[PDB]
>>> print(open('structure_32.txt').read())   # compact mmCIF, C-alpha atoms and all ligand atoms
# COMPACT_ATOMS: atom_id res chain seq x y z
CA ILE M 7 -18.80 25.68 -198.89
CA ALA M 8 -20.11 26.50 -202.39
CA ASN M 9 -19.83 24.42 -205.56
CA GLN M 10 -19.82 24.99 -209.29
CA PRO M 11 -22.77 27.15 -210.32
CA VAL M 12 -25.01 26.41 -213.27
CA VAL M 13 -25.29 29.11 -215.95
CA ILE M 14 -28.98 28.88 -216.78
CA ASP M 15 -29.92 31.29 -219.55
CA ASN M 16 -33.71 31.45 -219.62
CA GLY M 17 -35.85 33.65 -221.75
CA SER M 18 -39.33 34.48 -222.94
CA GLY M 19 -39.12 31.69 -225.47
CA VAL M 20 -35.89 29.67 -225.20
CA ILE M 21 -33.97 28.40 -222.17
CA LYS M 22 -30.23 27.65 -222.32
CA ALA M 23 -28.35 25.75 -219.65
CA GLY M 24 -24.81 24.65 -218.80
CA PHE M 25 -22.55 24.80 -215.78
CA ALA M 26 -20.07 27.48 -214.84
CA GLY M 27 -17.02 28.00 -217.00
CA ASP M 28 -18.51 26.12 -219.91
CA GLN M 29 -18.54 27.58 -223.40
CA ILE M 30 -21.77 25.92 -224.49
CA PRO M 31 -25.11 25.74 -222.67
CA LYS M 32 -25.25 21.98 -222.87
CA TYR M 33 -29.00 21.89 -222.30
CA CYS M 34 -30.96 24.04 -224.73
CA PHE M 35 -34.61 23.73 -225.77
CA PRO M 36 -37.32 26.40 -225.92
CA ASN M 37 -39.60 27.56 -223.13
CA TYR M 38 -42.75 25.45 -223.30
CA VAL M 39 -45.09 23.53 -221.01
CA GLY M 40 -46.28 20.37 -222.76
CA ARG M 41 -48.64 17.65 -221.54
CA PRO M 42 -50.76 15.04 -223.42
CA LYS M 43 -53.98 15.46 -225.35
CA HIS M 44 -55.22 11.89 -225.77
CA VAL M 45 -56.60 8.77 -224.10
CA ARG M 46 -53.74 6.54 -223.01
CA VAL M 47 -54.46 2.88 -223.67
CA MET M 48 -51.75 0.25 -224.26
CA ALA M 49 -48.88 -0.72 -221.95
CA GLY M 50 -45.61 1.14 -222.33
CA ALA M 51 -47.54 4.34 -223.09
CA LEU M 52 -45.31 6.90 -221.36
CA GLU M 53 -46.64 8.20 -218.06
CA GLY M 54 -45.61 11.44 -216.39
CA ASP M 55 -48.41 13.34 -218.11
CA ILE M 56 -46.02 16.28 -218.76
CA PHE M 57 -43.33 15.79 -221.38
CA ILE M 58 -40.46 17.95 -222.68
CA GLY M 59 -37.72 17.63 -225.30
CA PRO M 60 -37.54 14.46 -227.38
CA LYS M 61 -40.94 13.52 -226.09
CA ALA M 62 -42.23 16.94 -227.08
CA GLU M 63 -40.88 16.64 -230.61
CA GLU M 64 -41.91 13.02 -230.60
CA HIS M 65 -45.47 13.90 -229.56
CA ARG M 66 -45.94 17.37 -231.02
CA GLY M 67 -49.64 17.27 -231.74
CA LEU M 68 -50.16 14.79 -228.94
CA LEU M 69 -49.05 17.01 -226.07
CA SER M 70 -50.94 20.19 -225.22
CA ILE M 71 -48.19 22.77 -224.98
CA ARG M 72 -48.58 25.71 -222.64
CA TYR M 73 -46.81 29.04 -222.44
CA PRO M 74 -47.64 30.63 -219.07
CA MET M 75 -44.78 33.08 -219.64
CA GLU M 76 -47.07 35.97 -220.41
CA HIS M 77 -44.27 37.75 -222.24
CA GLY M 78 -41.82 36.02 -219.96
CA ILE M 79 -44.03 36.64 -216.94
CA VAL M 80 -44.86 33.06 -216.01
CA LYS M 81 -47.86 31.87 -214.01
CA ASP M 82 -47.42 28.09 -213.89
CA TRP M 83 -44.81 28.24 -211.18
CA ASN M 84 -45.55 24.61 -210.40
CA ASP M 85 -44.79 23.76 -213.98
CA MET M 86 -41.71 25.95 -213.81
CA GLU M 87 -40.52 23.74 -210.97
CA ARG M 88 -41.18 20.72 -213.14
CA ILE M 89 -39.27 22.34 -215.99
CA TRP M 90 -36.36 22.73 -213.65
CA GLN M 91 -36.93 19.15 -212.51
CA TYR M 92 -36.58 18.13 -216.14
CA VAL M 93 -33.35 20.01 -216.00
CA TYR M 94 -32.63 18.62 -212.49
CA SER M 95 -33.09 15.16 -213.96
CA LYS M 96 -30.45 12.75 -215.20
CA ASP M 97 -31.11 14.29 -218.59
CA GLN M 98 -29.61 17.68 -217.83
CA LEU M 99 -28.42 18.43 -214.29
CA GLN M 100 -28.08 14.98 -212.66
CA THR M 101 -27.78 16.94 -209.38
CA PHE M 102 -29.68 18.55 -206.53
CA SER M 103 -30.86 22.04 -205.79
CA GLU M 104 -28.27 22.29 -203.02
CA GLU M 105 -25.45 20.52 -204.85
CA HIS M 106 -24.85 23.51 -207.05
CA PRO M 107 -25.16 27.29 -207.00
CA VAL M 108 -27.58 28.65 -209.53
CA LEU M 109 -27.38 31.44 -212.10
CA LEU M 110 -30.50 32.77 -213.74
CA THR M 111 -31.65 35.45 -216.19
CA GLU M 112 -34.10 38.29 -215.63
CA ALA M 113 -35.92 40.59 -217.99
CA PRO M 114 -36.18 44.27 -217.00
CA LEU M 115 -38.78 45.81 -214.67
CA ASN M 116 -40.90 42.73 -214.18
CA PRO M 117 -43.24 42.48 -211.21
CA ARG M 118 -41.12 41.77 -208.15
CA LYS M 119 -43.78 39.37 -206.87
CA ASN M 120 -42.78 36.94 -209.60
CA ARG M 121 -39.16 37.08 -208.54
CA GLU M 122 -40.14 36.57 -204.93
CA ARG M 123 -42.33 33.64 -205.96
CA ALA M 124 -39.33 32.12 -207.69
CA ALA M 125 -37.25 32.76 -204.57
CA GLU M 126 -39.85 30.83 -202.58
CA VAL M 127 -39.34 27.97 -204.99
CA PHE M 128 -35.53 28.20 -205.08
CA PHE M 129 -35.11 28.37 -201.36
CA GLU M 130 -38.09 26.42 -199.99
CA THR M 131 -39.02 23.71 -202.48
CA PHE M 132 -35.73 23.84 -204.24
CA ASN M 133 -32.91 24.85 -201.99
CA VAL M 134 -30.44 26.97 -203.87
CA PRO M 135 -27.20 27.66 -201.94
CA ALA M 136 -26.51 30.94 -203.76
CA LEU M 137 -27.93 32.61 -206.85
CA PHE M 138 -28.47 35.94 -208.60
CA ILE M 139 -30.88 36.85 -211.37
CA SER M 140 -30.46 39.96 -213.51
CA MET M 141 -30.51 41.54 -216.96
CA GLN M 142 -29.65 39.42 -219.93
CA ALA M 143 -28.36 42.55 -221.66
CA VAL M 144 -25.65 42.81 -219.01
CA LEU M 145 -24.60 39.25 -219.78
CA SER M 146 -24.53 40.01 -223.47
CA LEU M 147 -22.31 42.98 -222.64
CA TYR M 148 -20.00 40.65 -220.77
CA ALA M 149 -19.80 38.58 -223.92
CA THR M 150 -19.05 41.66 -226.01
CA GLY M 151 -16.77 42.96 -223.31
CA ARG M 152 -18.23 46.42 -223.90
CA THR M 153 -19.28 48.52 -220.93
CA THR M 154 -20.58 51.55 -222.79
CA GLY M 155 -23.49 50.18 -224.72
CA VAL M 156 -27.04 50.52 -225.94
CA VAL M 157 -28.25 46.94 -226.04
CA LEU M 158 -31.02 46.32 -228.49
CA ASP M 159 -32.40 42.87 -227.88
CA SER M 160 -35.64 40.99 -228.15
CA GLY M 161 -36.92 37.88 -226.49
CA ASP M 162 -39.61 35.84 -228.14
CA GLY M 163 -42.70 37.76 -227.05
CA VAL M 164 -40.67 40.60 -225.53
CA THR M 165 -38.74 43.45 -227.13
CA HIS M 166 -36.49 45.73 -225.15
CA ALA M 167 -34.29 48.67 -226.09
CA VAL M 168 -31.70 48.73 -223.34
CA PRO M 169 -29.40 51.78 -223.36
CA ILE M 170 -26.65 50.93 -220.93
CA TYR M 171 -23.27 52.48 -220.19
CA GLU M 172 -20.64 51.01 -217.79
CA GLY M 173 -23.31 49.39 -215.66
CA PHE M 174 -25.08 52.69 -215.02
CA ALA M 175 -28.63 52.18 -213.84
CA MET M 176 -30.56 54.38 -216.25
CA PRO M 177 -34.08 52.85 -216.03
CA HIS M 178 -35.63 56.07 -217.25
CA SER M 179 -33.77 55.79 -220.53
CA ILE M 180 -33.91 51.99 -220.45
CA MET M 181 -37.07 50.56 -221.99
CA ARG M 182 -38.86 47.31 -222.88
CA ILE M 183 -41.90 46.43 -224.97
CA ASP M 184 -43.27 43.03 -224.09
CA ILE M 185 -44.26 41.94 -227.58
CA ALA M 186 -42.17 40.09 -230.18
CA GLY M 187 -41.80 37.03 -232.46
CA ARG M 188 -44.34 35.04 -230.45
CA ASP Q 3 -75.66 -66.67 -244.96
CA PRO Q 4 -78.00 -69.11 -243.04
CA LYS Q 5 -80.91 -67.07 -244.32
CA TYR Q 6 -79.51 -67.49 -247.84
CA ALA Q 7 -79.41 -71.24 -247.26
CA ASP Q 8 -82.97 -71.49 -245.97
CA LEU Q 9 -84.39 -69.22 -248.69
CA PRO Q 10 -84.68 -70.96 -252.09
CA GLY Q 11 -85.35 -67.99 -254.37
CA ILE Q 12 -82.24 -66.17 -253.15
CA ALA Q 13 -79.51 -66.65 -255.73
CA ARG Q 14 -75.82 -66.06 -255.12
CA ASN Q 15 -72.59 -64.78 -256.78
CA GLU Q 16 -73.36 -61.12 -256.10
CA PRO Q 17 -70.64 -58.48 -255.41
CA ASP Q 18 -73.19 -56.76 -253.16
CA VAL Q 19 -71.66 -53.30 -252.88
CA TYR Q 20 -71.40 -52.70 -256.59
CA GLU Q 21 -69.13 -49.78 -257.05
CA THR Q 22 -67.15 -47.57 -259.36
CA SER Q 23 -63.48 -48.53 -259.37
CA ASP Q 24 -62.37 -44.96 -258.73
CA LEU Q 25 -58.69 -44.07 -258.68
CA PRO Q 26 -57.10 -41.23 -256.66
CA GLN Q 37 -50.36 -18.78 -248.52
CA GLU Q 38 -49.75 -16.96 -251.78
CA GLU Q 39 -50.22 -13.66 -249.99
CA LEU Q 40 -47.13 -14.46 -247.96
CA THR Q 41 -45.38 -14.89 -251.31
CA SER Q 42 -45.70 -11.25 -252.29
CA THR Q 43 -43.18 -8.61 -253.22
CA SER Q 44 -43.93 -6.59 -250.12
CA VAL Q 45 -45.29 -8.59 -247.17
CA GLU Q 46 -43.25 -9.15 -244.05
CA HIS Q 47 -45.20 -11.67 -242.02
CA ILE Q 48 -43.44 -11.63 -238.65
CA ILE Q 49 -44.11 -13.37 -235.33
CA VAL Q 50 -43.88 -11.08 -232.31
CA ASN Q 51 -42.39 -14.04 -230.34
CA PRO Q 52 -45.42 -14.12 -227.98
CA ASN Q 53 -43.54 -15.00 -224.85
CA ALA Q 54 -40.66 -12.61 -225.58
CA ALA Q 55 -42.81 -9.56 -226.28
CA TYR Q 56 -45.20 -10.78 -223.59
CA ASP Q 57 -42.53 -10.83 -220.90
CA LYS Q 58 -41.30 -7.50 -222.24
CA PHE Q 59 -44.56 -5.58 -221.97
CA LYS Q 60 -45.69 -7.76 -219.05
CA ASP Q 61 -43.36 -6.18 -216.53
CA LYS Q 62 -44.42 -2.78 -217.83
CA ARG Q 63 -47.00 -2.01 -215.15
CA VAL Q 64 -49.96 0.16 -216.09
CA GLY Q 65 -51.78 2.40 -213.64
CA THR Q 66 -55.47 3.24 -214.05
CA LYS Q 67 -57.83 5.38 -212.02
CA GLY Q 68 -61.43 5.34 -213.21
CA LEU Q 69 -60.83 5.40 -216.96
CA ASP Q 70 -64.40 6.49 -217.55
CA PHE Q 71 -65.60 8.08 -220.77
CA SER Q 72 -69.06 7.10 -222.08
CA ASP Q 73 -71.09 10.31 -222.50
CA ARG Q 74 -69.48 11.60 -219.32
CA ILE Q 75 -69.62 15.35 -219.12
CA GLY Q 76 -67.27 17.31 -216.86
CA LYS Q 77 -63.61 18.24 -217.49
CA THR Q 78 -63.68 17.88 -221.31
CA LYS Q 79 -60.30 16.22 -221.72
CA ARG Q 80 -60.02 12.68 -220.38
CA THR Q 81 -57.44 9.91 -220.63
CA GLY Q 82 -57.53 6.17 -220.07
CA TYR Q 83 -55.34 4.43 -217.53
CA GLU Q 84 -55.29 7.52 -215.35
CA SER Q 85 -53.09 6.41 -212.45
CA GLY Q 86 -49.48 5.29 -212.62
CA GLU Q 87 -47.77 2.01 -211.94
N1 LIG B 1 -33.49 32.61 -236.51
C1 LIG B 1 -34.51 33.08 -235.77
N2 LIG B 1 -35.43 33.89 -236.31
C2 LIG B 1 -36.45 34.37 -235.59
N3 LIG B 1 -36.67 34.08 -234.32
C3 LIG B 1 -35.83 33.28 -233.65
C4 LIG B 1 -34.68 32.71 -234.34
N4 LIG B 1 -34.03 31.97 -233.43
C5 LIG B 1 -34.72 32.07 -232.26
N5 LIG B 1 -35.80 32.86 -232.41
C6 LIG B 1 -36.80 33.24 -231.41
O1 LIG B 1 -36.34 34.46 -230.84
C7 LIG B 1 -36.15 34.29 -229.45
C8 LIG B 1 -34.73 34.62 -229.06
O2 LIG B 1 -34.51 35.86 -228.39
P1 LIG B 1 -34.00 35.70 -226.87
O3 LIG B 1 -33.80 37.02 -226.18
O4 LIG B 1 -33.08 34.53 -226.67
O5 LIG B 1 -35.42 35.11 -226.52
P2 LIG B 1 -35.89 34.53 -225.15
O6 LIG B 1 -35.57 35.67 -224.23
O7 LIG B 1 -37.34 34.40 -225.52
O8 LIG B 1 -35.14 33.24 -224.97
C9 LIG B 1 -36.28 32.84 -229.10
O9 LIG B 1 -37.08 32.65 -227.93
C10 LIG B 1 -36.86 32.17 -230.33
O10 LIG B 1 -38.22 31.83 -230.09
>>> encode(input="structure_32.txt", output="structure tokens")
Amino acid sequence: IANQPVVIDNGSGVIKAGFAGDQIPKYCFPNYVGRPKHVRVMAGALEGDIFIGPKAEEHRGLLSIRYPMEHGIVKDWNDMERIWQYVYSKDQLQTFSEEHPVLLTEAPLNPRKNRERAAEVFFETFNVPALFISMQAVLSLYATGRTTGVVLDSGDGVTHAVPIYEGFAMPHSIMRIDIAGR
Amino acid sequence: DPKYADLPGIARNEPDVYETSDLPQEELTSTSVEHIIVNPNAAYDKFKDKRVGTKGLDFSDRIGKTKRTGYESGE
């Protein structure tokens, strides 16, 4: 039988995460792949060789940050796993891949191969019971409650004019320009 | 003394060893120093249990894979 899903709001630049029914994504931090830049010497010098969050802010110019999300389109799938592991950790999820259903966000018309790659992760390495990944604009429409709506929204290195109306799939009218604030 | 007795020219009443009667930090006290002991055994036992892994921490004019880091392995 299923469990409580986890509302994980990703994005080209910032990831948001909380469980189902919550009002606040309890685990928010941007989308980044950090790992050290120096020669570790003394004892107590934090191992893991990949650090996120307080360690990231704590070691800003000490950790080489990476952004494989080429306008959201990521390439360090292994590091994506580890990002989720950071979430999976006692820090954010404190659970397993099977202990909870997953919810995830998807930008429009991305290469399907990426999605499938993530599915390989989510159901082979990670073992998601049930999930679904789709348009963030749709979720924003749920928040507004509107059904008829041209959603203008931009990620961090992605811009996307999304003319929607009552869930009607209008990909010809719907656009996206993968360039933004990044 | 017996030599003094047997030698005629040797006079006496001589205080032989004639002598002269001779008669007999702040840096820590500054407005800003805090000289503190680390409590060697306390801090030692603290960091002692903190294992350190290493795996060929090699650096001297070694070319290949530009970035390097000491104490490579984990423990
Ligand atoms: N006040 C702000 N001004 C400009 N840019 C911001 C601000 N707050 C967040 N951002 C950037 O804009 C992006 C937010 O748009 P969103 O669609 O959430 O992006 P993403 O899809 O990249 O998470 C964030 O990734 C962040 O880098």
>>> residues_near_ligand(input="structure_32.txt", ligand="ligand LIG 1 (chain B)", cutoff="6 Å", atoms="only C-alpha atoms and all ligand atoms", output="PyMOL selection string")
chain M and resi 16-21+160-162
>>> interface_residues(input="structure_32.txt", of="chain Q", to="chain M", cutoff="9 Å", atoms="all atoms listed in the file", output="list in words")
residues 59, 60, 62, 63, 64, 65, 69, 79, 80, 81, 82, 83, 84, 85, 86 and 87 of chain Q
>>> atom_distance(input="structure_32.txt", atom1="CA of residue 99 (chain M)", atom2="CA of residue 24 (chain M)")
8.5 Å
>>> atom_distance(input="structure_32.txt", atom1="CA of residue 158 (chain M)", atom2="CA of residue 145 (chain M)")
12.9 Å
>>> residues_near_point(input="structure_32.txt", point="(-36.2, 44.9, -227.3)", cutoff="12 Å", atoms="only C-alpha atoms", output="PyMOL selection string")
chain M and resi 18+77+113-114+142-143+156-169+180-187
>>> atom_distance(input="structure_32.txt", atom1="CA of residue 37 (chain M)", atom2="CA of residue 74 (chain M)")
9.5 Å
>>> closest_residue(input="structure_32.txt", among="M:107, M:155, M:177, M:36", to="residue 12 (chain M)", atoms="all atoms listed in the file")
M:107
>>> residues_around(input="structure_32.txt", residues="residue 173 (chain M)", least_positions_apart="5", cutoff="9 Å", atoms="all atoms listed in the file", output="VMD selection string")
chain M and resid 144 153 to 154
>>> residues_near_point(input="structure_32.txt", point="(-45.6, 22.7, -219.3)", cutoff="10 Å", atoms="all atoms listed in the file", output="CSV table (one decimal) with C-alpha atoms, in the frame of the given file")
chain,number,residue,atom,x,y,z
M,37,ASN,CA,-39.6,27.6,-223.1
M,38,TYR,CA,-42.8,25.4,-223.3
M,39,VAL,CA,-45.1,23.5,-221.0
M,40,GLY,CA,-46.3,20.4,-222.8
M,41,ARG,CA,-48.6,17.6,-221.5
M,55,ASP,CA,-48.4,13.3,-218.1
M,56,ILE,CA,-46.0,16.3,-218.8
M,57,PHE,CA,-43.3,15.8,-221.4
M,58,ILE,CA,-40.5,18.0,-222.7
M,69,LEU,CA,-49.0,17.0,-226.1
M,70,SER,CA,-50.9,20.2,-225.2
M,71,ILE,CA,-48.2,22.8,-225.0
M,72,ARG,CA,-48.6,25.7,-222.6
M,73,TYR,CA,-46.8,29.0,-222.4
M,74,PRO,CA,-47.6,30.6,-219.1
M,82,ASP,CA,-47.4,28.1,-213.9
M,83,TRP,CA,-44.8,28.2,-211.2
M,84,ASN,CA,-45.6,24.6,-210.4
M,85,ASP,CA,-44.8,23.8,-214.0
M,86,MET,CA,-41.7,26.0,-213.8
M,87,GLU,CA,-40.5,23.7,-211.0
M,88,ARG,CA,-41.2,20.7,-213.1
M,89,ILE,CA,-39.3,22.3,-216.0
>>> residues_around(input="structure_32.txt", residues="region 27-33 of chain M", least_positions_apart="5", cutoff="8 Å", atoms="all atoms listed in the file", output="PDB file with C-alpha atoms, keeping the file's coordinate frame")
ATOM      1  CA  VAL M  13     -25.290  29.110-215.950  1.00  0.00           C
ATOM      2  CA  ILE M  14     -28.980  28.880-216.780  1.00  0.00           C
ATOM      3  CA  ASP M  15     -29.920  31.290-219.550  1.00  0.00           C
ATOM      4  CA  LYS M  22     -30.230  27.650-222.320  1.00  0.00           C
ATOM      5  CA  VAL M  93     -33.350  20.010-216.000  1.00  0.00           C
ATOM      6  CA  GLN M  98     -29.610  17.680-217.830  1.00  0.00           C
TER       7      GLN M  98
END
